């Protein structure tokens, strides 16, 4: 059984979003 | 109008003693900060404007300046960690939480969005948002009989912010906050909007990314069948997080894994293991490797679903990262499988692609493959067929590769290859 490391990326999409004009 | 003001003019307006002048200058800042080309975030911060924006969040009597300030701050908080920190340091968190109760939906929504950016920065700000009490009022916004009566954009932004409260590790989110959020996530996972589905899937994938006790809290809510259904979706933005969550779940106990199998997941893997997107193939093969690390009856379900030929396929041709995952799947299968299961594996054609991969530069995959070869020879010993296997490995060039591996920098490789040759090719 092989988990993702704790340093792994949970999502390639970044967590933050700007609100565009 | 309020377009293309200088930061100097914004400052002059915000420092006037005139609420309408302040509003116009805040709107001008909002427009500067929402321009795609290099919004001047650091200039706005250096001008000292964050505390003024934060105080404007409290002006219940001028909702337009609440909205403009909330938007400006949202876009500052969407930046680097140092820019998000400037927003937090200005007192924004409780002010935004107070705005969640606004009677104006566009303002509550802007507050949701800002808190999503703050929490998305990382574990510490996520946990700080939770400590200031954000979860109760966020979840109250979704306490309606039918989610379809909410505006679509509003619901999508709430779902995304909730997913950021579930995101990140070291540490993972507080256990009590997870238990508080999960029933709403389960409800969002049955909603009919593709973006809401994708993001509630991502949230579940975050929450199952950790020790088996976290997996258990999710699996106990009964979501595995819905995850398997989403795994079968046509939209890649849904399949991707659904597959990550399923894969995370099968890293857990044999019983957690069995819930995934029971729910019908394996029937989707012929498509996933041949999916045109390499990341889907890689994560589906990783998932299979964790299933073949299970009990013999789970290995047998892999067999029954016709998935061994698909594993042979990915071992034979796939992106190298996927091939590494396939090598793990084979080593696990051969470690835990019955003799009949290992014989079946050889009859499906595993030996040749397995040997062809010993010419790879990665040391860990060579170790994994040599362990699998050894496991297979150990199955052949119980049948007195070590010789037929040695012949098979010889006819496809594998003996040459093992010999060459004797002269390998790594110790484990050298030892395993030399043992194999001395024990079966001498």
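These residue numbers are counts, starting from 1, taken along the chain as shown.
Technique stated in the header: X-ray crystallography, 2.0 Å.
For all residues, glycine too, the Cβ spot is worked out from N, Cα and C.
The region 'NLS binding site (major)' (B:71-167): residue composition by secondary structure is 74 helix, 0 strand, 23 coil, according to DSSP. Sequence annotations record features per position, and here Swiss-Prot assigns region 'NLS binding site (major)' to B:71-167.
The annotation region 'NLS binding site (minor)' is assigned in Swiss-Prot to B:244-332 on the grounds of experimental evidence.
Taken from Swiss-Prot, the feature repeat 'ARM 2' applies to B:41-80.
Swiss-Prot lists B:81-122 with the feature repeat 'ARM 3'.
As annotated by Swiss-Prot, repeat 'ARM 4' applies to B:129-173.
When DSSP labels each residue, the repeat 'ARM 5' (B:175-211) comes out as 28 helix, 0 strand, 9 coil, counted as helix, strand and coil in that order. If you look up Swiss-Prot, you'll see B:175-211 marked as repeat 'ARM 5'.
Taken from Swiss-Prot, the feature repeat 'ARM 6' applies to B:212-251.
Same-chain residues lying 6 or more positions outside the repeat 'ARM 7' (B:254-293) and placing a CB less than 8 Å from one of its CB atoms are 212, 215-216, 219, 224-225, 227-228, 231-232, 236, 239-240, 243-244, 246-247, 299, 301-302, 305-307, 310-311, 313-314, 318-319, 321-322, 325-326, 328-330, 332-333, 335-337. Residues or ranges marked as repeat 'ARM 7' in Swiss-Prot: B:254-293.
Per Swiss-Prot, repeat 'ARM 8' is recorded for B:296-338. Sequence-distant contacts of the repeat 'ARM 8' (B:296-338) (same chain, six or more residues past either end, CB-CB distance under 8 Å): 254, 257-258, 261, 266-267, 269-270, 273-274, 278, 281-282, 285-286, 288-290, 344-345, 348-350, 352-354, 356-357, 360, 362, 364-365, 368-369, 371-372, 375-376, 379.
Under the heading repeat 'ARM 9', Swiss-Prot lists B:339-385.
Packing against the repeat 'ARM 10' (B:386-425) from elsewhere in the chain are residues 346, 351-352, 354-356, 358-359, 363, 366-367, 370-371, 373-374, 376-377, 380: each is 6 or more residues past its ends and has a CB under 8 Å from a CB in it. Swiss-Prot lists B:386-425 with the feature repeat 'ARM 10'.
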How many of the residues that make up the repeat 'ARM 6' (B:212-251) does DSSP mark as helix, as strand and as coil?
30 helix, 0 strand, 10 coil
